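**Student:** Mind the numbering: the sequence shown is residues 10 to 40, 49 to 180 in mature numbering (1 follows the signal peptide of the UniProt record, and there is no 0), read in order.
C-beta atoms are modelled at their ideal positions from N, C-alpha and C, and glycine is treated no differently.
For reference, the structure I am asking about is given below.
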Amino acid sequence: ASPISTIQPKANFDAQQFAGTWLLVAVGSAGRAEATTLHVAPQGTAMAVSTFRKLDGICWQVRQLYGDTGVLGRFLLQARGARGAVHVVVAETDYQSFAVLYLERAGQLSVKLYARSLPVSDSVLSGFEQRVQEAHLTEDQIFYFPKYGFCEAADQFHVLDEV
């Protein structure tokens with residue numbers, strides 16, 4: 010049924026090795050990109066995820082909980098009430114340099130490439146592109162995010178807790 014159910018999650022996904030900071034490199038989607054950083058922390062079998070984005074010089078933080086859906090590597094971003102549930106799968110990753118995640122919102126699949134640091138190896142970028150094509154998305158539906166202007170901390174007036 011769901012497009013994401015056909016994607017295989019990382020074999021024996023290990024939240025402990027996936028923990029830490031991840032930088033958003035690009036997103037393949039059919040739906049201004051800000052420098053985005055992810056801070057991941059295991060929480061039981063789920064993962065506490067904070068996302069930091071620099072908006073007009075100001076750093077914003079959003080706290081979310083990637084709930085465990087039973088299959089290792091597959092998570093669920095709670096139907097926030099206002100906006101559908103988001104299914105997430107960590108498909109491929111070596112934990113030490115890159116990670117390819119797939120997201121599904123309202124039956125629509127998207128693919129995101131994350132890196133531990135820049136630059137991303139040519140091999141991984143091509144691999145990501147190969148995966149976007151296979152997901153039936155075009156080269157024009159790939160959005161590259163900023164390689165500068167990242168932020169990883171916000172003050173109390175710019176924190177949105179969705180947990």
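Going by beta-carbon coordinates alone, are residue 38 and residue 138 separated by less than 8 Å?
**Tutor:** Taking the first residue of the sequence shown as position 1, residue 38 is located at position 29. Taking the first residue of the sequence shown as position 1, residue 138 is located at position 121. No, the pair does not count as a contact, with Cβ atoms beyond the cut-off.
**Student:** With DSSP collapsed to three states, give me the class of residue 159.
**Tutor:** As a working note, residue 159 is residue 142 in the sequence shown. Reduced to three states, the DSSP call for residue 159 is strand.
**Student:** For residue 153, list the residues DSSP reports as bridge partners.
**Tutor:** Start at 1 with the first residue of the sequence shown, and residue 153 comes out as number 136. Looking at the DSSP assignment, residue 153 forms no beta bridge with any residue, so it has no partner.
**Student:** Taking a contact to mean a Cβ-Cβ separation below 8 Å, would you say residue 51 touches residue 136 in this structure?
**Tutor:** Translated into the one-based positions of the sequence shown, residue 51 becomes position 34. Translated into the one-based positions of the sequence shown, residue 136 becomes position 119. No, the Cβ-Cβ distance between residue 51 and residue 136 is not below 8 Å.
**Student:** Does the distance from the CB of residue 96 to the CB of residue 102 come in under 8 Å?
**Tutor:** As a working mapping, residue 96 is identified with position 79 in the sequence shown. As a working mapping, residue 102 is identified with position 85 in the sequence shown. Taking 8 Å as the Cβ cut-off, residue 96 and residue 102 qualify as a contacting pair.
**Student:** To the nearest angstrom, how far is the alpha carbon of residue 153 from that of residue 69?
**Tutor:** Counted from its first residue, the sequence shown places residue 153 at position 136. Counted from its first residue, the sequence shown places residue 69 at position 52. Each residue's Cα considered, the two are about 29 Å apart.
**Student:** With burial defined as no fewer than 16 other Cβ atoms inside 10 Å of the residue's Cβ, what is the status of residue 92: buried or exposed?
**Tutor:** The residue labelled residue 92 in the question sits at position 75 within the sequence shown. Counting Cβ neighbours within 10 Å, residue 92 comes out buried, since at least 16 surround it.
**Student:** Return the Cβ separation of residue 99 and residue 115 in integer angstroms, given the expectation that the two are a contact with Cβ distance under 8 Å.
**Tutor:** To locate residue 99, count along the sequence shown from 1; it is residue 82. To locate residue 115, count along the sequence shown from 1; it is residue 98. With a Cβ gap of about 32 Å, residue 99 and residue 115 do not count as contacting.
**Student:** Report the option in 149, 29, 21 whose CA atom is closest to the CA atom of residue 60.
**Tutor:** Looking up residue 60 in the sequence shown gives position 43. Per the Cα distances, 29.
**Student:** Give the DSSP bridge partners of residue 37, in chain order.
**Tutor:** Indexing the sequence shown from 1 puts residue 37 at position 28. According to DSSP, which records beta bridges pairwise, residue 37 is partnered with 128, 159.
**Student:** Is residue 35 close to chain B? Criterion is C-beta to C-beta, closer than 8 Å.
**Tutor:** Given the protein chain composition of this structure (a single chain), no chain B is represented.
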